[PDB]
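What follows is each chain in one-letter form.
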Amino acid sequence: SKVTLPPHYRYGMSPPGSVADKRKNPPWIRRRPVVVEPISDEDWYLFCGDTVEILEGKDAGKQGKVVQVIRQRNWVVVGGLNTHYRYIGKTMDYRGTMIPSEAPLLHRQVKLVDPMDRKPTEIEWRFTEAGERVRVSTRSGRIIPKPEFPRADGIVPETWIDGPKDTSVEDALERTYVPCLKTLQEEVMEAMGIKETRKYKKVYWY
Amino acid sequence: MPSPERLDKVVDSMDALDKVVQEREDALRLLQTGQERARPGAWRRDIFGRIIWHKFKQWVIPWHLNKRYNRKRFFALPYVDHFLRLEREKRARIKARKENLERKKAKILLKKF
Amino acid sequence: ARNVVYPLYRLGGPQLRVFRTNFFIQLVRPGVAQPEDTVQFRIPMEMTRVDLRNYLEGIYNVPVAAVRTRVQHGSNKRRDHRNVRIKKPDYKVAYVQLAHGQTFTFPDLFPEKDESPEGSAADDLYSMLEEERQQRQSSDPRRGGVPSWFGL
Amino acid sequence: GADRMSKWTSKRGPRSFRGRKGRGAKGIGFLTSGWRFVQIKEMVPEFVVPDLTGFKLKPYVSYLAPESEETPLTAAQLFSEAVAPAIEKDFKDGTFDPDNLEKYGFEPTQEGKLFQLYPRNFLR
Amino acid sequence: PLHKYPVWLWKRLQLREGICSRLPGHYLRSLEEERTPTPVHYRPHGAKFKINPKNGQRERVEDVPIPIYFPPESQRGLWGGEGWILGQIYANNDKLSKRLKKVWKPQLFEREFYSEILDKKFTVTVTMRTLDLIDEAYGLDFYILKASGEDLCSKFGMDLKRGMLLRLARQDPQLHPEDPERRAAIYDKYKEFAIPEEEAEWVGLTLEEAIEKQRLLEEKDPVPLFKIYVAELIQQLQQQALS
Amino acid sequence: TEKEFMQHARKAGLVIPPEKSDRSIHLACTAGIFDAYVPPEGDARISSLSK
RNA sequence: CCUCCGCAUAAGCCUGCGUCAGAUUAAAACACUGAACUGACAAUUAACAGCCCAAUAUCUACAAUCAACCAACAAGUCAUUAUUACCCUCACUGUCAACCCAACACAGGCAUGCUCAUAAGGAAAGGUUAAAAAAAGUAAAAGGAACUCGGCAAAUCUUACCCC
RNA sequence: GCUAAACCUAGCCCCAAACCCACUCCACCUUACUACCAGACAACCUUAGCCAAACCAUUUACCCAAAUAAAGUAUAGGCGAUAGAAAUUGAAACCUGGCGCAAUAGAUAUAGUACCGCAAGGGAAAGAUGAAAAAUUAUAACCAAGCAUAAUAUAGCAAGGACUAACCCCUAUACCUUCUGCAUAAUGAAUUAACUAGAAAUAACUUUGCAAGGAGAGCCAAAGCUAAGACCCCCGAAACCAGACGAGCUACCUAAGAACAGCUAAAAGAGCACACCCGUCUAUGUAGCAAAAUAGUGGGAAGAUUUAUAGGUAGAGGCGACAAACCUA
Ligand SMILES: [Mg+2]
Ligand SMILES: [Mg+2]
Ligand SMILES: [Mg+2]
Ligand SMILES: [Mg+2]
Ligand SMILES: [Mg+2]
Ligand SMILES: [Mg+2]
Ligand SMILES: [Mg+2]
Ligand SMILES: [Mg+2]
Ligand SMILES: [Mg+2]
Ligand SMILES: [Mg+2]
Ligand SMILES: [Mg+2]
Ligand SMILES: [Mg+2]
Ligand SMILES: [Mg+2]
Ligand SMILES: [Mg+2]
Ligand SMILES: [Mg+2]
Ligand SMILES: [Mg+2]
Ligand SMILES: [Mg+2]
Ligand SMILES: [Mg+2]
Ligand SMILES: [Mg+2]
Ligand SMILES: [Mg+2]
Ligand SMILES: [Mg+2]
Ligand SMILES: [Mg+2]
Ligand SMILES: [Mg+2]
Ligand SMILES: [Mg+2]
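Residues numbered from 1 in each chain as written, not as in the entry; some residues may be left out. Chains lettered and ligands numbered in written order. Part of a larger assembly, values for the part shown. Heavy atoms only, no water. Residues with missing side-chain atoms left out of burial classes, pairs and counts.

- Looking at the entry header, you'll see cryo-EM listed as the method and 2.96 Å as the resolution.

Next up, the structure:
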């Protein structure tokens with residue numbers, strides 16, 4: 001759950017909590033770290049779910065969507081575009097089923113595209129005076145909303161069903177606390193009918 | 001395990017409940033007595049010359065006649081100043097080397113990018 | 001409760017009562033042979049016999065007759081990569097017994113592997129893999145080594 | 001040589017060391033002159049377990065519960081919520097006296113009642 | 001790396017920190033004064049320039065002190081400006097022999113005095129120079145009150161000085177009623193000093209004792225926040241009502 | 001006098017994408033064919049225009 | 001076949017030949033798989049020895065050695081009284097092992113009880129031939145220390161003389 | 001081509017600036033990592049020593065207040081190897097790097113980890129493909145010391161002259177050094193890769209610049225003054241002091257315990273003899289089982305005997321039934 005990562009750990013697509021990650025770089029090799037661009041959290045404009053465009057590569061000028069983002073090394077993948085070829089099932093007597101695998105790209109090679117004309121355009125962070133903070137274009141002045149992407153919880157609230165050990169909503173938001181000058185221990189003692197006649201004598205503290 | 005996240009969920013729920021009840025107890029103590037941290041104590045210097053927070057153990061007999069509490073010394077004595085100075089110099093070297101590392105990293109970032 | 005300073009009791013003071021306890025018992029299945037009345041638990045290092053009796057008779061309300069506990073010392077021989085011993089966390093197992101002569105066994109939480117729902121992001125890949133395995137494994141030793149793709 | 005990196009448990013000393021070490025168990029009594037233990041019933045932690053019959057609250061919350069902002073519960077909020085209305089009520093009429101404040105919950109000392117806050121007489 | 005302040009300024013830094021900075025100004029000045037004592041074990045030079053023989057050229061001469069040792073018996077009793085000299089002495093007063101070590105010890109005479117300001121007799125192992133200074137100062141109280149802290153070289157002397165200063169400042173009844181003329185004459189005899197009360201309590205105290213006294217004066221149990229809260233509440237309601 | 005051999009790897013591709021992850025695989029084909037076409041038996045005999 | 005051994009107590013790191021998968025590589029002086037291993041499963045529950053004793057004043061010279069004759073000298077290993085107060089009671093440490101100290105799985109060393117050989121426990125030999133040399137064991141036609149500075153392993157069983 | 005060779009980053013040293021920090025709950029002075037009970041005694045002290053003067057007994061910068069000239073001047077000094085001021089003009093606040101390096105270098109450090117002793121303490125190598133290891137692909141190979149591919153073929157410090165061809169023909173006594181004389185049978189060496197050993201003043205030499213003046217205050221000068229270049233090794237002992245540690249093996253002492261079959265028992269610091277304490281001799285090995293072993297021939301074995309537990313006596317000393325014996329091989 002909470003494992004301490006090495007100070008110079010290499011992020012290679014696979015999450016740190018996996019068998020392939022422990023097989024790749026086990027805690028014994030301290031290879032050369034890869035210095036990445038020091039990008040802050042407020043300037044990160046591209047998210048996960050919006051459409052992007054590959055600048056250059058084996059298939060430049062093509063569109064696609066992002067399914068996973070990496071903030072440690074600025075690695076982003078495209079939904080089945082700049083991909084190669086490998087094999088999934090591999091044994092000692094038979095192997096096949098060639099399934100393409102995506103390749104990560106950098107932020108300098110990925111530009112956000114506006115859905116109005118489907119053209120590459122640099123997007124800046126212009127703080128709106130209404131209250132929220134969205135993304136505003138530069139040469140076009142257009143606004144690009146945040147793409148709706150499912151959270152990591154793996155469950156949507158539009159069809160959630162309360163189980164046996166799941167409470168409702170009308171009881172969790174019921175105002176039942178009464179502010180007073182009584183401790184919880186004495187309150188739960190006097191509420192159950194527990195009484196006490198003797199007191200506590202004098203004691204020192206040193 | 002079928003669902004290991006339920007354990008962590010219950011753990012964080014109980015931790016939040018403990019934090020809430022501790023905050024309530026601290027607020028009530030400040031409204032009544034007005035002193036933070038229900039564990040009493042004072043800043044005392046040990047033999048090693050380290051400024052630590054000594055916690056009271058709550059005894060029965062007082063301290064002016066106890067046999068085991070009187071054997072617990074609380075004075076620096078002029079022979080630990082050199083060790084404290086050496087520890088300060090070591091920590092200063094650590095901080096200077098950390099600052100040098102940060103400056104080298106900044107220079108590498110400005111040179112490559 | 002554990003990791004909590006207990007108040008010093010004076011001769012004639014009030015009853016020491018705890019509300020929100022900080023104990024976590026674990027019902028572990030016995031490894032060796034045990035009778036039908038002896039139940040094995042696992043209490044933390046800061047728990048005695050009367051405390052376990054009160055914890056079992058206050059919450060679960062289980063009639064406990066006798067409690068016999070002992071300390072278990074974890075292993076300490078496993079070496080890492082830099083030649084260093086790995087210390088395992090210790091625990092204290094219990095051996096409580098029922099009072100009214102009742103019986104208790106340890107059921108299994110596992111023999112129920114009858115699950116086959118709709119799988120699109122997991123079962124589809126396995127179905128494609130098994131279909132490819134069934135369609136590809138068709139070698140012919142009479143060919144010698146020529147590929148079976150050219151229809152000529 | 002013997003071990004040094006390992007901690008001092010209760011399986012290292014001879015016959016004269018097994019006993020006074022222990023595993024940090026809380027004592028509930030003392031000894032006498034006949035190798036006996038005098039257990040006091042007022043020293044064992046008594047677990048107070050309330051009834052759970054008519055209690056309609058599950059340990060897990062539903063996902064349909066709306067979220068809200070988080071803020072610490074300081075002493076000023078509790079004061080302004082509890083003592084402020086009573087003080088305003090007794091002052092708006094004409095009977096407030098700054099000499100006595102024991103009728104609002106304030107205690108000048110902690111040696112009067114049982115459950116003291118600063119010395120903490122209760123366990124947990 | 002290097003340090004910002006020298007090694008002989010850390011005491012001043014700690015005094016200017018926080019807990020040691022709340023001390024009064026007169027006490028800090030008396031502690032940082034540091035004045036050389038009077039020559040005891042060596043005859044000081046007359047003028048700053050001395051004409052040495054063999055050559056008719058003037059040269060500047062200086063009187064250096066003698067590193068003497070102060071045992072706790074000196075701090076307990078009332079000694080003069082002497083003590084233990086841990087020096088070295090040659091054989092037959094010649095440098096072409098053997099350099100031996102010799103430690104001189106002062107003479108101790110267990111006598112008995114009588115202080116007029118305190119009206120109580122004390123048994124002090126007095127020496128000879130102290131008796132000579134007492135006879136020259138015309139009494140013991142004058143010798144205690146006139147000599148500064150760098151002349152007593154003892155804690156009992158500073159304690160007696162502080163006690164006499166407090167007795168002369170507070171105007172507390174020394175003896176007893178039914179005869180105030182004696183107390184009036186005693187107070188009039190010692191009138192050329194009269195150190196105020198706020199400055200006489202910090203005379204002769206060490207650093208640790210001064211820190212302890214400052215902590216005891218600045219103790220103050222934490223006032224409950226309920227009083228401050230109700231005070232702010234009543235102030236706010238008065239401000240919103242009177243307007 | 002206390003060294004062993006490292007390099008512990010396997011030559012087999014197991015399952016690891018869908019084991020606790022939020023990124024699926026965007027394929028570009030399928031397994032086999034949808035329905036097997038059945039040519040006529042007299043295809044070689046009637047290889048002309050029509051009949 | 002040996003038992004000049006073993007079982008317990010005392011001292012000692014505490015999990016160190018139970019199961020499962022790997023046994024492709026890695027430590028067995030070679031193999032099976034396991035006293036020179038990786039991860040998971042849990043052993044040992046006290047009644048055994050400890051964890052000890054409310055004070056004020058006072059009291060305790062005729063040993064042990066079957067202790068009954070006798071006999072001593074190194075003159076000795078064990079005990080209570082009056083008063084005050086105290087009727088809550090069974091908590092804690094370990095119960096595994098083929099194990100310790102000597103760099104080791106070493107022909108070295110370790111305190112007491114038990115049958116002084118038994119109901120404890122183990123194998124001098126991997127196979128092939130009988131080279132020379134060396135070490136450990138039985139005896140030999142005649143002499144029994146005649147070889148060696150000296151009775152130097154050895155078995156018979158051995159008296160007298162001198163110095164210290 | 002196997003063994004195996006290179007792939008840069010944790011950062012490492014000193015400057016300028018800045019003064020740098022220490023409780024989330026529990027445990028930490030007794031057997032620290034221990035919740036709970038009745039003598040409160042615990043610091044205030046010339047450091048020494050090595051070396052040098054060819055020994056050494058006086059002496060020998062180290063002393064913690066910013067530069068320099070005075071000045072290494074008066075002075076102190078077995079008046080000698082050396083040490084060394086003062087009086088005096090004076091001393092321009094603020095700026096983020098390496099004509100240093102990249103794992104045998106640079107802190108020892110990924111670390112004060114393993115390991116050694118009861119103890120203080122000593123204390124070492126580590127990590128290399130790649131944009132995509134969620135690309136287990138097919139390549140990039142080629143160089144040192146060791147090997148097969150591909151053993152020897154008579155003769156000779158391994159070498160030279162040579163011819164149509166390796167030998168066959170002739171000549172020829174390895175390397176640095178203390179030494180007159182060394183391959184000598186004197187010293188060192190198995191190779192490869194990394195590392196390791198001439199650092200500097202007064203007085204001298206040469207070349208610019210200025211000049212009876214030179215020189216960025218101070219110093220020199222009857223052709224001088226300033227600046228630059230040029231120059232003087234490494235490793236290897238027994239000894240002494242200061243601050244801390246050891247009687248768990250061994251010497252002695254203290255308190256409570258245990259051990260000794262059987263026979264003759266003359267009453268015994270009696271005898272033979274089990275277990276036990278020590279080891280006079282033979283044989284085996286001296287990189288062995290063992291940095292002190294294996295059987296008997298051995299002495300004692302009711303006491304000047306042995307042993308389990310706990311404490312004390314430590315170097316200008318402890319102890320000693322006196323071996324200069326022992327004080328953790
Ligand atoms: Mg057992
Ligand atoms: Mg050995
Ligand atoms: Mg058997
Ligand atoms: Mg053989
Ligand atoms: Mg014969
Ligand atoms: Mg002969
Ligand atoms: Mg013989
Ligand atoms: Mg010399
Ligand atoms: Mg000057
Ligand atoms: Mg290094
Ligand atoms: Mg190193
Ligand atoms: Mg080669
Ligand atoms: Mg020839
Ligand atoms: Mg050479
Ligand atoms: Mg030589
Ligand atoms: Mg010669
Ligand atoms: Mg030679
Ligand atoms: Mg020679
Ligand atoms: Mg040689
Ligand atoms: Mg001893
Ligand atoms: Mg002896
Ligand atoms: Mg005898
Ligand atoms: Mg005998
Ligand atoms: Mg002799």
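**Observations regarding the overall build of chain E**
So, step 1. Within chain E one finds 11 helices and 7 strands.
So, step 2. For 243 residues, the compact-globule estimate of 2.2 N^0.38 gives 18 Å, and chain E exceeds it by more than 25% at 27 Å.
So, step 3. Overall size of chain E, expressed as C-alpha extent along the three principal axes, is 100 × 70 × 35 Å.
So, step 4. In chain E, buried positions account for 25% of the 243 residues.
So, step 5. A fraction of 47% describes how many contacts in chain E between residues 6 or more apart in sequence connect residues 24 or more apart.
So, step 6. Just so you have it, chain E exposes about 18100 Å², and 54% of that area is on carbon and sulfur atoms.
So, step 7. Where the 38 positive side-chain charges of chain E centre and where its 38 negative ones centre are 8 Å apart. (Helix = DSSP H or I, 4+ residues; strand = E, 2+ residues; numbered from the N terminus. Rg over C-alpha atoms; globule rule 2.2 N^0.38 Å. Buried < 20%, exposed > 50% of the residue type's maximum accessible area, 1.4 Å probe, protein only. Contact = heavy atoms within 4.5 Å. Areas by Shrake-Rupley, 256 points an atom, 1.4 Å probe, with all protein chains shown as cover. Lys, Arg positive; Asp, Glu negative; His and termini not counted. Charge placed at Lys NZ, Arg CZ, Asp CG, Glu CD.)

**Points about a positive patch on the surface**
So, step 1. On the surface, a cluster of positive charge is made up of A:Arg23, A:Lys90, A:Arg95, F:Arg10 and F:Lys11.
So, step 2. Here A:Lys90 is to be found in the loop between β4 (75-76) and β5 (110-114).
So, step 3. Note on A:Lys90: relative accessible area 36%, which makes it partly exposed. (Patch = residues over 30% accessible without salt bridge, like charges linked within 9 Å, V, L, I, M, F, W, Y side chains within 5 Å. Salt bridge = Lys/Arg side-chain N within 4 Å of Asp/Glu carboxyl O.)

**A few points about the interface of chain C and chain D**
So, step 1. Across the boundary between the two partners, chain C contributes 29 residues, which contact 22 residues of chain D.
So, step 2. For the pair chain C and chain D, the summed buried area comes to about 2800 Å², and 65% of that belongs to carbon and sulfur atoms.
So, step 3. The three residues of chain C that bury the most area against chain D are C:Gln15, C:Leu16 and C:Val18, which together make up 20% of that side's buried surface.
So, step 4. Counting every contact that joins chain C to chain D gives 1 salt bridge.
So, step 5. A salt bridge links C:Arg17 to D:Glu46, with the nearest nitrogen and oxygen atoms 3.8 Å apart.
So, step 6. Only β1 (17-18) and α1 (49-60) of chain C provide two or more residues apiece to the side of chain C that touches chain D.
So, step 7. It is α1(C) that contributes the most residues to the side of chain C that touches chain D, 6 residues altogether.
So, step 8. Here the residues of the side of chain C that touches chain D are counted per class, giving 16 nonpolar, 8 polar and 5 charged.
So, step 9. Pairing between β1(C) and strand β3 (residues 46-47) of chain D: 2 bridges, direction parallel. Pairing of C:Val18 across the sheet is with D:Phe47, part of β3(D). (Buried area = accessible area lost by both parts, 1.4 Å probe. Nonpolar A, V, L, I, M, F, W, Y, C, P; charged D, E, K, R; others polar. Pairing = 2+ DSSP bridges.)

**Details of the protein's contact with RNA strand G**
So, step 1. Near RNA strand G, the surroundings consist of 43 residues, among which C:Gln40, C:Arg49, D:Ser10, D:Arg15 and D:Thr32 are the closest.
So, step 2. Those atoms of RNA strand G that come within 4 Å of the protein belong to sugar or phosphate at a rate of 66%.
So, step 3. C:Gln40 has a polar side-chain atom sitting 2.4 Å from a phosphate oxygen of RNA strand G.
So, step 4. Separating a phosphate oxygen of RNA strand G from a side-chain N or O atom of C:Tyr95 is a distance of 2.5 Å.
So, step 5. Of all elements in the fold, only β2 (38-43), β4 (70-72) and β5 (91-98) of chain C together with β2 (37-39) of chain D reach the threshold of two or more residues within the surface near RNA strand G.
So, step 6. Here the surface near RNA strand G is built from residues that sort into 10 nonpolar, 17 polar and 16 charged. (Near = heavy atom within 4 Å. Polar contact = N/O pair within 3.5 Å; in protein donor to acceptor, adjacent residues only side chain to side chain.)

**Thoughts on the UniProt feature "domain: KOW" in chain A**
So, step 1. Here the UniProt feature "domain: KOW" sits at residues 46-79 of chain A.
So, step 2. As annotated, residues 46-79 of chain A comprises 0% helix and 32% strand, and the C-alpha atoms at either end are separated by 15 Å. (UniProt positions renumbered as here; feature names shortened; annotations may be inferred.)

**Brief notes about the pattern of salt bridges**
Here the idea is simple: oppositely charged side chains can pair when their charged atoms come close.
So, step 1. All chains considered together, the criterion is met by 30 salt bridges over all chains.
So, step 2. In this structure, C:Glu57 engages C:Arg53 in a salt bridge whose closest nitrogen and oxygen atoms are separated by 3.8 Å. Of this pair, C:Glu57 and C:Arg53 both sit in helix α1, 4 residues apart, which is roughly one turn of the helix.
So, step 3. Using a relative accessible area of 26% as the deciding quantity, one classes C:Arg53 as partly exposed.
So, step 4. E:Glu218 serves as the salt-bridge partner of E:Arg22, at 4.0 Å between the closest nitrogen and oxygen. On the criterion of sequence distance, the pair formed by E:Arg22 in the loop between α1 (10-15) and α2 (25-32) and E:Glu218 in the loop between α10 (207-217) and α11 (225-242) is long-range, its members being 196 residues apart.
So, step 5. A network of salt bridges, in which partner residues are shared, links A:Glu196, A:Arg198, C:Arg17 and D:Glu46.

**Quick notes on the interface of chain D and chain A**
So, step 1. Facing the 30 residues of chain D at the interface are 29 residues of chain A.
So, step 2. Around 2400 Å² of area is buried between chain D and chain A when both sides are counted, 69% of it from carbon and sulfur atoms.
So, step 3. Linking chain D to chain A there are 0 salt bridges.
So, step 4. Where chain D meets chain A, there are 5 residue pairs in polar contact.
So, step 5. Partitioning the side of chain D that touches chain A into residue classes produces 20 nonpolar, 5 polar and 5 charged.

**Describing unusual backbone geometry**
So, step 1. Backbone geometry places A:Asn74, a non-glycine residue, at a positive phi of 55 degrees.
So, step 2. Take A:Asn74: it is sitting in the loop between β3 (69-70) and β4.
So, step 3. In this model, C:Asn83 sits at a positive phi of 55 degrees, which is unusual for a non-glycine residue.

**Things to note about the nonpolar core**
Grouped burial of nonpolar side chains is what soluble globular proteins tend to show.
So, step 1. Formed by 27 residues in total, the largest nonpolar core has its most connected members in D:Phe79, D:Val83 and E:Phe226.
So, step 2. For this core, the elements supplying multiple residues, two or more each, are α1 (5-32) of chain B, α1 (75-93) of chain D together with α11 of chain E.
So, step 3. If one sorts the elements of this core by residue count, α1(D) sits on top with 6 residues.
So, step 4. Discounting residues that sit within four places of it in the chain, D:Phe79 has contacts with B:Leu31, D:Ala84, E:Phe226, E:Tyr229, E:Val230 and E:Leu233.
So, step 5. In this structure, E:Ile134, E:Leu140, E:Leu160 and E:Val203 belong to the second largest nonpolar core, which totals 25 residues. (Core = buried A, V, L, I, M, F, W, Y, C linked by side-chain atoms within 4.5 Å.)

**Remarks on the packing of α1(D) against α11(E)**
So, step 1. Where α1(D) meets α11(E), the closest approach of the two axes is 11 Å, and the angle between their N-to-C directions is 55 degrees. One finds that α1(D) runs oblique with respect to α11(E). For the element pair α1(D) and α11(E), the recorded crossing hand is right-handed. Of α11(E), the residues touching α1(D) (which contributes D:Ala75, D:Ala76, D:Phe79, D:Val83, D:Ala84, D:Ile87 and D:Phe91) are E:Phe226, E:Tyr229, E:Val230, E:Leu233, E:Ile234 and E:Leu237.
So, step 2. Residue classes in the contact of α1(D) with α11(E) are distributed as 13 nonpolar, no polar and no charged. (Axes fitted to C-alpha atoms, helices over the stretch in contact; angles between N-to-C directions. Parallel < 35°, antiparallel > 145°, perpendicular 65-115°, else oblique. Left-handed = near helix turned anticlockwise from the far one by under 90°.)

**Re a nonpolar patch on the surface**
All names here are of chain B.
So, step 1. On the surface, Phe75, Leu77, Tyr79 and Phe83 cluster together into a nonpolar patch covering about 430 Å² of accessible area.
So, step 2. Residue position: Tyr79 is located in the loop between β2 (51-55) and α2 (81-112).
So, step 3. For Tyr79, a relative accessible area of 44% puts it in the partly exposed group.

**Considerations on the packing of α1(B) against α1(D)**
So, step 1. Here α1(B) crosses α1(D) at 70 degrees, and the two axes come no closer than 9 Å. Our classification of the angle between α1(B) and α1(D) gives roughly perpendicular. In this structure, the crossing between α1(B) and α1(D) has a hand that is right-handed. Contacts between α1(B) and α1(D) involve B:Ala27, B:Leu30 and B:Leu31 from the former and D:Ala75, D:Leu78 and D:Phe79 from the latter.
So, step 2. The class makeup of the residues in the contact of α1(B) with α1(D) is 6 nonpolar, no polar and no charged.

**Structural notes on the packing of aromatic side chains**
Two aromatic rings, taken as a pair, are described by how far apart their centres are and by the angle between their planes.
So, step 1. All told, the structure shown has 20 aromatic pairs over all chains when counted by the stated rule.
So, step 2. Geometrically, the ring pair formed by A:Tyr206 and B:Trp59 is stacked, given 6.1 Å between the ring centres and 25 degrees between the ring planes. You can see A:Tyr206 sitting in the segment after α2 (184-191) and its partner B:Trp59 sitting in the loop between β2 and α2, one on each of two chains. The pair formed by A:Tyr206 and B:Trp59 is uniform in burial state, with each residue classed as buried.
So, step 3. Between E:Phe142 and E:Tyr190, the ring centres sit 4.9 Å apart and the planes meet at 50 degrees, which makes this aromatic pair tilted. With E:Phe142 in helix α5 (residues 140-146) and E:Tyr190 in the loop between α8 (180-189) and α9 (197-200), this residue pair connects regions lying 48 residues apart in the sequence. (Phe/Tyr/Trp six-rings, centres within 6.5 Å; stacked < 30°, edge-to-face > 60°.)

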